[PDB]
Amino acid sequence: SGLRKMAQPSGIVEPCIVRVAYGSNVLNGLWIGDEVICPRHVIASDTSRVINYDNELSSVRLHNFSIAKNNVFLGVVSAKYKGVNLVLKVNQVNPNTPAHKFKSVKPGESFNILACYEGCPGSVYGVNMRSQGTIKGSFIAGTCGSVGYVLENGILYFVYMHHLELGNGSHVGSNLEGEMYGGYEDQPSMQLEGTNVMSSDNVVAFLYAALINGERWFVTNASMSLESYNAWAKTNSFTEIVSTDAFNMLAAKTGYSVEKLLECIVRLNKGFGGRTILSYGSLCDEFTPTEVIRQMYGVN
């Protein structure tokens, strides 16, 4: 038993991380095949002020890139923007390149961050994408270009590359196509996140996790229909439930219908009144149904 926010193991990704520096800027890149992908602001003269990315590319010089992995130095032979990333063709193929694909995550989906510090993998942790496209992580100077990934059916997907932190502390990055999640600009900007909408699917999963753990104080003699819940969600900054297929196994194994837990959400969102659930003091939307099934029952 127990519920922990976890990451899938990082070994397959670690050999792909390099240090990328240009001028006084230092961050991380992803070395796969004979390409290094990194945030394009590494070439900007002054990242503390609004950047004209046209001007920074016009004045770039390929020789000024410093790219390294331990005692391997990589020379850049071509540089392009691909969205908000640089794609740098280098003079050596990474012999440890794993088989991989690219995909974009969606709001409510979980993935893993390999947090990298000026080219050195430092830590690994799980995240969940918020409705506005942000994540809540722990990123500091030197961590841009840290990589998000997910393993799904024996396939490694690269899904995220880190760029910035909003004034409210939320973390912003791009897919590996260089499309910023949420559409935020790669600028030092007071751009606003927008209103956060909780993932109902994930809150339901969290309550199922508490039931699996043997905690059931919060369940009442009541149950809310799906249309009723969805009408409430729309006015209370929760997502509408579009399918209950993700909960069939959880309902079957716990004996509790999704509608019982929908009633719990509406009631608990008013406050836990000093109680906790899985030691939390408020509802948590960080765990997907898949995450809960996998770590609590060991299947899928």
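When you see a residue number, it is the position in the sequence shown, counting from 1.
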Averaging the C-alpha temperature factors as deposited, the higher value of 214-222 versus 139-147 falls on 214-222
Please compare 90-98 with 172-180 and say which has the higher mean C-alpha temperature factor in the record.
90-98
At the C-alpha atoms, which of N71, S199, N85, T134 reaches the highest B-factor in this entry?
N71
Among the choices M161, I155, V124, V204, identify the one whose CA B-factor in the record is greatest.
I155
Would the CA B-factor of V13 place it in the lowest, middle or highest third of its chain?
lowest
Please place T235 in the lowest, middle or highest third of its chain by C-alpha B factor as given in the entry.
highest
Looking at the temperature factor on the CA atom of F65, which third of the chain's modelled residues does it land in?
middle
Lowest, middle or highest third of the chain for the C-alpha temperature factor of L30?
lowest
Of the three thirds of its chain by CA temperature factor, lowest, middle or highest, which one includes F287?
lowest
